[PDB]
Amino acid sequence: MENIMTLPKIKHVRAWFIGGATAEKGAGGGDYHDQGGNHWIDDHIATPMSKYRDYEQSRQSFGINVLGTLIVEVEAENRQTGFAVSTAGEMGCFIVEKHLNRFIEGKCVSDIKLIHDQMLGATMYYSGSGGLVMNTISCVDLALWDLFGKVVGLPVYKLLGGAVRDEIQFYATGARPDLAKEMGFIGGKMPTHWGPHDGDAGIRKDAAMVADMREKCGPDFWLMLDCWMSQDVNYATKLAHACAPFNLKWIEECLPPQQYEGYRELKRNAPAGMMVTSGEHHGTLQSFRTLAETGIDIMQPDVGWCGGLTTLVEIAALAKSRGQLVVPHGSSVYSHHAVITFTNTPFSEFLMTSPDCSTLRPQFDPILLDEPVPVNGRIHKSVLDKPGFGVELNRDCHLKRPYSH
């Protein structure tokens, strides 16, 4: 047998940020919510805060955009680099530059699972099993998979064991599922605009929105509702049944992430055939074990928030063992390379960054160079035939380096 391919050790790990409270508002990039004005993503979307007068109209108003984008780049001894982006910004930089770097630098580019376990174990006392800290860990994990793939000379999806489908089909998230159908997507997930404090009126309004789109889009085009942790079991139940006549495919994240018991009850009260989903805000494999056992149909971890690709692959296995499906939240290429290899992820999500959901603005525009976008609502595997996650970092953005070591 021939000697194996030689691998360089990791020399440096650096972190930068754009957008957020300490940079330029509306920088976009990794933080899906760091947008400008008049964006659908900030137009009266129901949240745990919309019950408050001052925070009902805009999520930006309560600070859904304060973190911004975290960018993590790992440089190997041979000068090759790998990178990834997520939501964490400046604080994420502190965590990477002042803590996690000790487990990263000096390791082989292939020591990905090891670095991952050490990051999880070393931050367990302050990570809260999700959120900001987990987004940061996820970003490092992704940058490591990117570097490894680029060093080896292969797309992440091939390293994982190959594609199980020639193309990825997408459903689009935004306020215009009708426009989305035009573009070739297989469905449209709309956000709810009213919550529990609005009562029966709120239910009629969002349900009427679903009815209208069903009329506009036809019966074969999927329709879903994203509730962004804004409801309670009773309201979610009433909304689900009110939308049942229009064949709503699923009702997503009705409750805050900790309310597992509530998800179990909501799922059992759901209209026959209608799915209940959640997961984008959960983190760590164990949390998904608890979520999976509530009986919900589909878990939706965000690859950059759940713990990274390493964790995502484990969650997929968890779901498959129960004969269920896993459909990641956004994530662009970080999801593509993963889900294209999952037999239990028959479709993916494309979150409209376009202010009016009329064009195919890239998922992480503009931080990612050469970022692929659905063509006729799909991305063929050949589009991913590039090293690592196949993209480069847009240094034209005004990246900031708040910390160093």
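A residue's number is simply how far along the shown sequence it sits, counting from 1.
Comparing the deposited coordinates for 123-131 and 187-195, the stretch with the larger average C-alpha B-factor is 187-195.
On average the C-alpha atoms of 148-156 have higher B-factors than those of the other stretch, with 148-156 and 288-296 being the two compared.
Highest CA B-factor among the listed residues (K267, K249, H116, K205): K205. Ranked by C-alpha B-factor against the other modelled residues of its chain, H44 falls in the middle third. Among all modelled residues in its chain, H241 ranks in the middle third by Cα B-factor. Placement of the Cα temperature factor of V375 within the chain: highest third of the modelled residues, per the deposited record. Per the deposited record, the Cα B-factor of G308 falls in the lowest third when ranked against the other modelled residues of its chain. Split the chain's modelled residues into thirds by C-alpha temperature factor. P257 is in the lowest one.
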